Amino acid sequence: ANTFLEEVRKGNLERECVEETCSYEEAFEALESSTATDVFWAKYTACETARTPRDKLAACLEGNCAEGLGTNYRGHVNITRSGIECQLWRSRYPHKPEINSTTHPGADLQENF
Amino acid sequence: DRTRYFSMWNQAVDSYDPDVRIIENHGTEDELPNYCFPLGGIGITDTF
Ligand SMILES: [Ca+2]
Ligand SMILES: [Ca+2]
Ligand SMILES: [Ca+2]
Ligand SMILES: [Ca+2]
Ligand SMILES: [Ca+2]
Ligand SMILES: [Ca+2]
């Protein structure tokens, strides 16, 4: 955002929307891949507490750790705290989830992760 | 003569510039550009 003459130089997704509080416009401009754009947005949002420092935002981009209540987690662990198998979020077996893939598509709902 | 100036008697004729009363506007010579550069010589940069 700062260093006004940045909009004439080429840019770095990391030298605009990472090491600096950025516009989703410059984010949109730099991303275009609107799926990953939503991903980066989701990042930003969850990383709202990971805005600083820089390496914290880098880790929040890695996504292996759940931020706060766990909106950002994108790992491969699909097991409950006590070893019970996780039911498919979209499937109705054995429970029909009021809160499921249709209601939360932006969390990247995997098989049972 | 009157063009010469003598200080003692404060003798100095008053006259107008010839190019102010009658303008001879010939335009200006500007065939070439004229550019202002960046102090360092290279403005923007990258990383490699
Ligand atoms: Ca900037
Ligand atoms: Ca900017
Ligand atoms: Ca800067
Ligand atoms: Ca721009
Ligand atoms: Ca930019
Ligand atoms: Ca950097």
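Quick reminder, even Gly has a Cβ in these numbers, built from the backbone with ideal geometry, and neighbours come from all protein chains shown. Since every read-out is calculated from the coordinates, none of them should be taken as a lab result.
From its DSSP helices (H runs of at least four residues, each -39,500 (n - 2.57)), chain B gives a residue-normalised ellipticity at 222 nm of -1000 deg cm²/dmol.
Rg/Rh, computed from the Cα trace of chain B with Rh as the Kirkwood radius, has the value 1.47. Here the protein assembly as shown is treated with +1 on each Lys and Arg Cβ and -1 on each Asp and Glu Cβ, and its dipole about the Cα centre works out to around 1040 debye. Where the alpha-carbon atoms of the protein assembly as shown are placed on the principal axes, they occupy 120, 31, 30 Å, in descending order.
In this simple spin-label approximation, A:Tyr24 and A:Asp55 carry label points 7 Å from Cα along the Cα→Cβ vector, and these lie 3.0 nm apart.
Legend note: in the protein assembly as shown, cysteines whose Cβ sits 4.7 Å or more from every other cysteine Cβ are A:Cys65, A:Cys86, B:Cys36. Based on alpha-carbon atoms, the Kirkwood radius and the radius of gyration of region A:56-113 give Rg/Rh equal to 1.00.
Using the Cα atoms of region A:12-94 to build a convex hull, what is its mean projected area in square nanometres? Mean projected area for region A:12-94: 6.7 nm², to one decimal.
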